[PDB]
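One structure is given below, encoded as structure tokens.
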Amino acid sequence: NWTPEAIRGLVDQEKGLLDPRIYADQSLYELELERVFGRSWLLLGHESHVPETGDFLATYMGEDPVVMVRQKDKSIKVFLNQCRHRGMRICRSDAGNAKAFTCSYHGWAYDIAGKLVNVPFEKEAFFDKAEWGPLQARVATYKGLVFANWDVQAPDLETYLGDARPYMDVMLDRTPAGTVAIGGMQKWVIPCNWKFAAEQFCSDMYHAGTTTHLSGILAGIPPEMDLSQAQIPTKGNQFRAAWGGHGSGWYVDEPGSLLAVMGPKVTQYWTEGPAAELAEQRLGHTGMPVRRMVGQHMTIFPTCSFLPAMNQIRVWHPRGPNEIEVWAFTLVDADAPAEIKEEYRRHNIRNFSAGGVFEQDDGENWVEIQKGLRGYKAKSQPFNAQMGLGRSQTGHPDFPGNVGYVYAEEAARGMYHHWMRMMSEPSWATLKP
Amino acid sequence: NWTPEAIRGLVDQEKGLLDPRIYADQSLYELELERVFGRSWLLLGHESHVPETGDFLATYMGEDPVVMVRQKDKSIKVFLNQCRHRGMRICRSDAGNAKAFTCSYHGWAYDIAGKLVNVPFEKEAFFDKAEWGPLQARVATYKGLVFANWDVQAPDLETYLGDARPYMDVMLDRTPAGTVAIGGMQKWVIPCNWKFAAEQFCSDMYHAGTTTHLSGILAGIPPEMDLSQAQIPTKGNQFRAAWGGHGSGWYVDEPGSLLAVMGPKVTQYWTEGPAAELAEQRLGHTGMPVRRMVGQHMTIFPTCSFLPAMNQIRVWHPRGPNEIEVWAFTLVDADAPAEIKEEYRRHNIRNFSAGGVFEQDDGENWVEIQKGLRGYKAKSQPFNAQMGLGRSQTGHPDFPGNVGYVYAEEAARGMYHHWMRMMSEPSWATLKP
Amino acid sequence: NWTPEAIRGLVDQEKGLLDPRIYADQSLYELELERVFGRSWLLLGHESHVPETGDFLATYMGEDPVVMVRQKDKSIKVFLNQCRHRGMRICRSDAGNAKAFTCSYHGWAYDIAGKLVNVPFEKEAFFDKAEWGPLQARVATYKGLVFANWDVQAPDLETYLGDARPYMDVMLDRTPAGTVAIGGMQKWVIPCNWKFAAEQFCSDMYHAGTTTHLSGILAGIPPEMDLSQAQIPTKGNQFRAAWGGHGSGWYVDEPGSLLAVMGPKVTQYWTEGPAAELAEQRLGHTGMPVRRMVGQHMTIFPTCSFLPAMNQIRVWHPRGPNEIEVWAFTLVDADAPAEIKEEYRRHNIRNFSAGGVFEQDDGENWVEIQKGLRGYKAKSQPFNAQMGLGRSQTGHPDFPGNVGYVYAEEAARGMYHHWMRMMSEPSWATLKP
Amino acid sequence: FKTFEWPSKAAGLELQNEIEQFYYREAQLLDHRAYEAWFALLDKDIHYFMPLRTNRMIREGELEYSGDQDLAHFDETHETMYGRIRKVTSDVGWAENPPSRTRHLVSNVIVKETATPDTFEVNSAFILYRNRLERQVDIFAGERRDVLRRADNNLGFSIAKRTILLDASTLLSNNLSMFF
Amino acid sequence: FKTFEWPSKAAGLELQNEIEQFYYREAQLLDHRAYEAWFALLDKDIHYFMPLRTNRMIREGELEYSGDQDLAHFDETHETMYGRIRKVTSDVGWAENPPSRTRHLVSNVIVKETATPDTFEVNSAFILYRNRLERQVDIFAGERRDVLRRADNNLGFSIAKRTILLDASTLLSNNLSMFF
Amino acid sequence: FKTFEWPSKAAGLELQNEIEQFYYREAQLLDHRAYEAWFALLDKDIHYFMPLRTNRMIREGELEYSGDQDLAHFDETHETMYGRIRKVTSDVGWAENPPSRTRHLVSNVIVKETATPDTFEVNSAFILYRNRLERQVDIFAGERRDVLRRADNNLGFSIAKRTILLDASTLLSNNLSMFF
Ligand SMILES: c1ccc2c(c1)oc1ccccc12
Ligand SMILES: c1ccc2c(c1)oc1ccccc12
Ligand SMILES: c1ccc2c(c1)oc1ccccc12
Ligand code: FES
Ligand code: FES
Ligand code: FES
Ligand SMILES: [Fe+2]
Ligand SMILES: [Fe+2]
Ligand SMILES: [Fe+2]
């Protein structure tokens with residue numbers, strides 16, 4: 001059994017060591033569903049996925065299927081996609097518009113709020129219907145993105161995010177009109193632990209600046225240019241959140257990274273012109289030179305990952321210690337030119353879908369890591385997470401928070417440290433910021 | 001760990017509540033194989049499956065493969081389909097006729113009684129052969145149906161069935177000639193827990209009277225008629241066994257469901273004429289008006305399920321907490337007209353095979369439920385089993401035993417209560433009737 | 001919990017009983033990876049698989065992927081195929097030649113000894129590379145065969161092998177030129193426990209002399225001959241190693257099954273002529289008449305199995321309690337005539353590949369045994385391992401060591417006894433010979 | 001059911017092509033859920049049959065398939081098929097609402113002439129790939145033995161008889177909510 | 001995407017064979033990793049498209065497929081296909097180094113003529129079996145809708161447009177590192 | 001093994017059909033366990049070969065397949081095949097008694113002539129679906145490279161050589177008790 005003492009020993013942020021059992025152990029996974037996914041804020045999508053009354057999206061919170069649905073009064077409700085009678089899925093399609101929901105098993109009927117409004121033969125058989133609707137989650141929106149949490153005692157979304165918000169606003173708060181999601185959500189299955197995926201977008205620019213994506217950059221650069229002529233971005237920074245295990249990393253003053261991925265038209269839109277000036281104006285309060293930030297990765301713990309410059313967003317749905325589902329979509333500025341929106345759409349497919357020239361190599365790596373962890377000796381020794389150890393500072397002139405070098409694992413150590421904290425501290429009294 | 005106290009907490013028949021973990025927990029499943037399947041009377045088939053000396057059927061008791069074989073003294077023996085040498089399957093085909101059985105691994109030879117009669121090189125290598133034959137099960141027949149039980153201290157079949165027998169007789173004791181099985185055993189795999197299937201046939205007319213089988217009824221009614229004209233049977237009763245967790249439910253006087261499922265010819269045979277009148281005569285000692293009972297479901301705990309009017313019979317073979325196999329066949333009266341027998345064959349295929357217009361929708365529901373139970377929050381709140389709570393009574397002038405309304409969960413509460421008892425009471429001294 | 005006391009009761013060599021749970025229990029399997037596979041000498045291949053500097057073979061020790069690589073100084077190194085940074089597989093092909101190894105994830109570079117030589121951005125982000133290379137295994141060779149062991153406290157290979165060595169020499173030490181492996185490594189998956197396969201090659205000539213291989217022999221005998229004319233060899237002996245659970249069995253004088261499997265050219269090469277005479281002369285001092293030995297099986301505990309006269313060698317890689325991978329190859333005398341080498345190649349393919357006329361029937365048996373063990377009653381009673389109980393002797397006039405009849409289970413009892421010891425004795429202080 | 005009795009002289013290039021194209025057209029109708037259009041292909045005397053298949057020792061091999069008087073997976077007339085089409089096109093037919101995604105890959109087409117003009121006895125092989133909801137995949141393989149009549153429809157033929165020999169004993173799918 | 005609207009008068013035997021042989025030749029190039037030779041078959045105006053597929057109630061069945069304004073699995077031009085070929089033939093393209101083992105089994109070929117001479121609309125079904133490394137197996141099924149132009153090459157045709165309709169919602173594979 | 005060298009000018013409609021029909025007939029024999037009839041198609045000089053296939057980096061891609069001096073899954077003559085037929089039709093041949101249920105789906109047939117009259121080099125793709133006992137399913141994919149001779153038998157051709165290129169490194173099946 002996993003005692004709080006034993007759980008604390010799994011992660012050491014001071015020495016920079018990780019016990020590989022965290023990615024493979026079945027008992028730890030089952031505790032994760034309770035201690036981590038059962039009380040964290042999880043991304044379910046965007047407001048534009050459910051714009052009108054009755055519009056729904058069927059998604060997940062961990063392994064719990066949920067229904068996100070817009071109400072008549074313009075609010076958004078999130079409830080468990082499970083009938084409390086005998087457990088049948090209430091909402092059986094991916095997305096659409098509903099006037100009501102009905103259980104296919106015994107015909108228990110619900111309104112779009114998830115309230116139990118009709119029980120067949122109730123008079124002859126029965127009990128209060130208001131007590132027997134499916135479990136409701138707390139719902140909160142941050143600039144278009146819809147988050148949900150089961151735990152009433154968990155801190156609110158804003159407090160939960162903390163000083164990670166400036167780096168989210170780089171993507172979300174560029175225009176007064178806000179963002180909108182491009183239609184369609186890509187879904188695929190990777191046989192690996194969610195933490196490898198979450199850590200990568202939290203802290204791992206290192207893999208993109210080294211060997212993983214040499215072929216991906218080759219795919220993006222002009223035919224006349226070869227790999228030896230490709231510019232190697234080395235300048236940049238990394239952010240670790242004060243609380244929550246959130247993290248971000250970005251390049252500074254070197255577009256070669258973004259140029260290969262998103263093309264010249266997107267890079268021009270991101271760095272030059274009226275749109276880039278307005279974005280820097282709106283982000284003036286943070287004091288960040290957002291036009292100099294070119295290519296960024298970010299994770300909101302545990303499983304909300306995005307690439308602010310490229311506008312790729314994904315949720316990692318856990319499927320046991322050895323599997324995940326990747327659900328991916330893309331955002332654009334609501335008032336962005338139709339030509340720019342097409343460039344974001346086409347390049348996001350080209351790079352980050354299941355067949356994407358970047359994604360292909362990520363899954364290839366994670367698949368083999370997980371397979372290795374079936375071995376006894378492969379779990380017997382700690383992984384090295386000592387990169388950038390004691391090199392981050394809280395007083396950077398350009399970027400707020402605990403900031404270090406772009407090639408570091410300070411954000412990673414913070415992610416695993418917070419994981420450890422969520423896994424070992426049952427009461428929010430000690431866990432909260 | 002699962003203490004008797006903790007097991008008792010999983011089911012509350014007084015409040016009508018069910019812990020969903022019972023359908024998902026791996027540790028509970030392992031205990032089921034010992035505490036439930038290891039000492040319950042389980043259906044293997046019919047006497048007509050093995051009519052002649054040496055005729056065999058290879059089947060299962062839980063996850064233990066067994067052979068059911070007719071002996072030269074006309075008795076039926078049941079032994080584990082496993083060689084005690086190194087575990088090889090003795091009988092390697094589905095069904096047929098055997099003069100003997102021989103293990104393919106090292107050639108240990110067995111007679112049709114499952115006695116070890118020859119060991120190759122016995123004089124040179126060796127030990128008493130009479131002690132080393134495969135484990136034998138207790139065998140008992142109830143009106144054609146063959147049941148088996150491993151436990152020498154368990155109650156006999158008659159006591160085990162108790163006051164459930166009159167409701168079995170409705171299908172089995174209509175003629176002096178008895179019943180016979182139609183050739184063929186349908187087999188398919190459903191990814192759900194065995195308890196969903198067992199409970200449905202035990203207590204759940206509700207699903208067939210509401211939403212699950214609307215398209216099944218639509219498939220069976222005349223082409224001129226549409227769903228809104230199809231008669232909705234609302235009159236009927238439900239029986240809970242005094243002991244054993246057995247249960248049955250039936251419609252009274254409203255043949256709508258039976259008519260759509262089995263057609264006019266079978267309905268007529270079941271309700272009007274000499275055969276129907278002889279059945280009422282033979283079932284006179286029960287006092288039941290059998291000709292008024294139009295469409296019925298039943299489960300003999302744990303996994304013997306049937307539909308007395310339609311004559312479909314099923315055994316649910318457990319395959320972990322998340323899977324079952326369904327082995328299905330049908331029975332007809334031995335002296336029933338050839339035209340009636342053909343109608344029973346046709347409509348059972350049309351309705352209850354893997355491609356059956358009813359069966360399709362059952363599996364669809366169950367698959368979704370089991371998938372939901374992977375989630376933490378989906379197992380955190382009890383299921384509602386409160387239907388008909390406190391409404392059943394033991395003095396119904398037409399039907400004997402604990403009888404309530406057709407749409408109720410009293411039989412279900414009894415099934416789960418007995419499941420709880422088998423799981424929490426290791427000794428037959430307290431468990432037995 | 002599996003206490004040493006509980007583990008000791010799983011095997012009784014005095015009574016000849018085996019608890020079937022050893023083949024199925026998940027908890028026991030996890031302890032096997034630590035207590036058996038984590039500290040045993042395990043076969044990785046032959047020296048000729050990695051003949052030149054930089055030549056590598058990607059293989060396994062239990063479920064740990066390892067790299068076997070030939071060094072410049074002619075030594076062989078074995079290290080874990082896992083990067084210590086975040087677990088990525090270092091060597092991603094089956095075999096070939098390498099001048100270095102590089103991680104595809106973050107570009108950590110290694111030399112062919114498995115030493116960490118380069119970390120990208122080490123000066124900028126960091127720690128000692130000499131301490132962060134993949135785990136090294138002990139490597140030892142016995143007459144061409146390459147073994148590996150993780151445990152620094154384990155006895156050396158020679159001591160581990162003990163008096164099993166002369167029986168290995170029957171295959172390995174026939175010529176001063178030694179053996180060489182025919183190119184190609186056959187790999188296939190069988191859903192059974194590794195102990196069934198290891199035991200079979202350890203102690204089970206019984207299965208080949210009875211029923212398993214009747215059709216295999218039928219495939220090997222002349223077209224004019226059928227099974228009734230085919231002679232049943234019954235003369236032979238069996239060896240149980242003084243320590244370590246090693247075992248061997250062989251036919252004496254009667255070459256019937258050797259002739260059917262390998263043909264007249266190989267059979268004659270083994271028994272008559274200059275090559276056979278040299279072997280008799282080279283191995284005579286160990287007190288073994290190698291020319292009288294016509295068809296042999298052997299296991300070096302836990303998972304190194306081979307058939308000396310047939311020259312088929314294999315490793316059983318465990319994949320949970322219910323699955324293995326079989327990795328097979330064949331050896332020939334380095335100075336064997338071209339015609340004899342070809343005959344060995346053709347007949348090993350014919351008999352022992354996945355499509356082999358012998359192998360086919362082996363997997364068929366094992367698949368059914370493992371399926372049977374899913375059942376509760378199937379595991380409730382001991383398996384019989386009483387063959388040749390108290391019949392073996394250490395002063396045998398013809399063969400060295402503890403020797404009994406060919407059809408016996410003394411070597412098996414020795415194999416499971418040692419398994420029990422490894423599983424219940426945590427210190428080599430007690431476990432060593 | 002033994003080896004299909006193919007004629008020694010193979011069917012003509014035009015006839016072979018016509019019947020292959022019929023099956024490809026039929027597969028397109030089924031895979032795009034044109035159930036009404038597909039049902040029109042079945043003649044009024046249709047017998048749509050999928051027997052059970054069992055594990056038998058070589059000596060008892062003649063008992064592999066279920067007979068006329070035994071249970072089956074399908075044993076259908078025009079009347080029962082009508083009801084099945086009504087279910088599959090229904091909003092309350094849960095097993096196919098949401099609908100599955102299927103692929104009928106057809107090959108191994110052998111054409112045989114009968115005693116009746118314009119009527120052909122056809123043997124073909126198939127793999128049916130069925131994808132359902134989030135992550136369910138069911139793969140079926142087998143052969144079809146048809147009696148096809150020349151018809152004045154969009155496909156060129158009508159179906160008089162269909163026997164589907166599925167390569168399965170125990171069905172690995174939870175249901176057979178698809179048409180073969 | 002509804003039933004492929006096949007022509008009433010079927011394509012000539014020569015044409016039917018020519019196009020079937022083209023696909024078999026194309027399958028050979030891909031299954032033996034002749035990516036440079038395969039890329040040469042793609043015209044400069046190539047649109048290579050694989051829309052997303054979603055689970056929908058029959059009443060909302062029109063929303064099954066992603067549009068041209070939505071995300072997709074593939075939505076490629078000649079310029080972007082060039083980059084993918086450069087990645088797949090690259091020594092540092094880890095997803096396909098070591099390469100996978102694939103099989104493109106092609107059947108159900110239906111040929112339709114267009115307004116332009118020597119230009120054809122072709123519908124076909126496929127099963128793609130992908131095996132990589134030690135034990136990974138990914139099976140794909142679907143249909144392809146191509147616009148093919150006659151060309152002076154080893155295969156006889158060039159690809160002007162290709163749409164792939166895969167039988168999946170959630171992809172069961174970790175990637176789509178193969179070409180369809 | 002490189003991309004099959006198909007002839008520039010494709011084989012005639014008649015010859016294409018004859019060879020395709022031969023494979024469908026061969027599939028029917030194998031799928032219906034007519035092993036004695038299938039074995040008769042094998043000429044006395046038959047070489048029946050299925051090499052091992054390994055994972056190699058692109059730079060070592062010349063070493064993917066095992067050679068003639070290496071181990072293999074199958075490497076057979078007429079004498080050894082005869083032994084295998086005796087086993088598979090034997091009552092004590094446990095691996096195929098009870099027998100498996102197989103389906104050989106054949107497509108992608110490319111025909112190439114040789115220097116010898118009435119002798120053809122043929123390339124084809126296959127999926128072999130094997131179902132065994134209660135629940136065992138083994139799916140195989142790959143290509144076959146045959147040398148076929150015209151023969152006066154029931155099928156029209158005899159098999160002179162067969163190489164099976166299987167899309168697998170490690171075999172996912174416990175055995176290869178079937179014929180390809
Ligand atoms: C995690 C961390 C960095 C990157 C990532 C995911 O996707 C990228 C695409 C281009 C450049 C860096 C990254
Ligand atoms: C369980 C409970 C009721 C029914 C059942 C199974 O199958 C039916 C078919 C028709 C009507 C009721 C039922
Ligand atoms: C284990 C034990 C004996 C044999 C074996 C494996 O393969 C054989 C092939 C021929 C004869 C005996 C054996
Ligand atoms: S499960 Fe929803 S009504 Fe019974
Ligand atoms: S297993 Fe039955 S004789 Fe050995
Ligand atoms: S895992 Fe090998 S370098 Fe990061
Ligand atoms: Fe990446
Ligand atoms: Fe039902
Ligand atoms: Fe054997």
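The basis for the numbers below is simple: all heavy atoms, side chains too, and nothing from hydrogens, waters or symmetry mates. Letters A, B, ... mirror the listed sequences (proteins, then strands); counts begin at 1. In each ligand, atom 1 is the first atom listed, and ligand 1 is the first ligand listed.
Note: angle at the Fe ion (ligand 7), from NE2 of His213(A) to NE2 of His207(A), is 90° (rounded to 10 degrees).
A salt bridge between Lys129(A) and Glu122(A) is present, with a side-chain N of the basic residue lying under 4.0 Å from a carboxylate O of the acidic one. Between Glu359(A) and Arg314(A), at least one side-chain N (NZ, or NE/NH1/NH2) sits under 4.0 Å from a carboxylate O, which counts as a salt bridge. A salt bridge does not link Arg84(A) to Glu131(A): none of the charged side-chain nitrogens sits closer than 4.0 Å to a carboxylate oxygen. A salt bridge links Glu410(B) with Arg413(B); the closest basic N to acidic carboxylate O contact falls under 4.0 Å.
Counting heavy atoms under 4.0 Å from ligand 4, residue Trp108(A) touches it through both backbone and side chain.
Metal site remark for atom 2 (Fe) of ligand 4: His85(A) contributes no N, O or S atom at a distance under 2.8 Å. Using a cut-off of 2.8 Å, one finds that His106(A) contributes no N/O/S atom close to atom 2 (Fe) of ligand 4. Between the Fe ion (ligand 8) and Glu359(B) there is no N/O/S contact shorter than 2.8 Å.
Near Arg86(A), with a cut-off below 4.0 Å to any heavy atom, the atoms of ligand 4 are 1 (S). Heavy-atom proximity to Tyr105(A), at under 4.0 Å, picks out these atoms of ligand 4: 1 (S). Within ligand 4, counting atoms from 1 as listed, the ones closer than 4.0 Å to a heavy atom of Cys103(A) are 1 (S), 2 (Fe), 3 (S). Atoms of ligand 4 found under 4.0 Å from any heavy atom of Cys83(A) (numbered from 1 in listed order, with element): 1 (S), 2 (Fe), 3 (S).
Taking the Fe ion (ligand 8) as reference, the nearest N/O/S atom within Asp362(B) carries the name OD1.
Checking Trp366(B) against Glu364(B) by side-chain atom types alone, no donor-acceptor pair falls below 3.5 Å.
In plain terms, the two heavy atoms of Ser257(B) and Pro233(B) that are nearest each other are N-CG, 3.9 Å.
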Q: List the steps, then state whether ring pair (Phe, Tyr, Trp, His ring centres under 6.0 Å) holds for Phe56(A) with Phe101(A).
A: CA-CA 11 Å; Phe56(A) 62 86; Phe101(A) 297 100; 5.4 Å; yes

